[PDB]
């Protein structure tokens, strides 16, 4: 179904994520900075994600080209995980988007989607 991919930039707020969910998007990918994470002060973005991540999968990849994400590496990462963000590991952005799309094609159970996204299906991911 419908997926939205948003780049994380300084001061990005949660309101567009709410709009996306309201519009009927079934999944959202966030391209974060570095090894990934969400700012915990300075915006309502993290609070918004805590809420939305139980309704649709919120996936985190990186804006950088190489090495992918590791949400255990930093506090901004560990809080993103606490907030229900699904990490994209070392997947390409094309694999991340298409894999989410493919999964959404036959389940909308967020916790089910979570497991699938983290499982190496066809060689796209190191799990």
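Definition used throughout: the rigid core is the maximal C-alpha set that superposes within 1.5 Å between two forms. Residue numbers count along the first chain shown, from 1.
Colleague: Would you mind working out which of 37-45 and 51-59 sits farther from this form in 5 other deposited structures of this protein by RMS C-alpha distance, with the rigid core as the fit?
Modeller: Checking 51-59 against 37-45 in 5 other deposited structures of this protein, I find the farther stretch is 37-45.
Colleague: Please compare 85-93 with 47-55 and name the stretch with the higher mean C-alpha B-factor in the deposited structure.
Modeller: According to the entry, 47-55 carries the higher average C-alpha B-factor.
Colleague: Is the mean CA B factor in the deposited entry higher across 63-71 or across 38-46?
Modeller: Stretch with the greater average CA B-factor: 38-46.
Colleague: Among the modelled residues of this chain, does the Cα B factor of residue 116 put it in the lowest, middle or highest third?
Modeller: Residue 116: CA B-factor falls in the middle third of its chain.
Colleague: Split the chain's modelled residues into thirds by Cα B-factor; is residue 110 in the lowest, middle or highest one?
Modeller: It belongs to the highest third of the chain when residues are ordered by C-alpha B-factor.
Colleague: Is residue 24 in the lowest, middle or highest third of its chain when residues are ranked by C-alpha B-factor?
Modeller: Ranked within chain, residue 24 CA B lands in the highest tercile.
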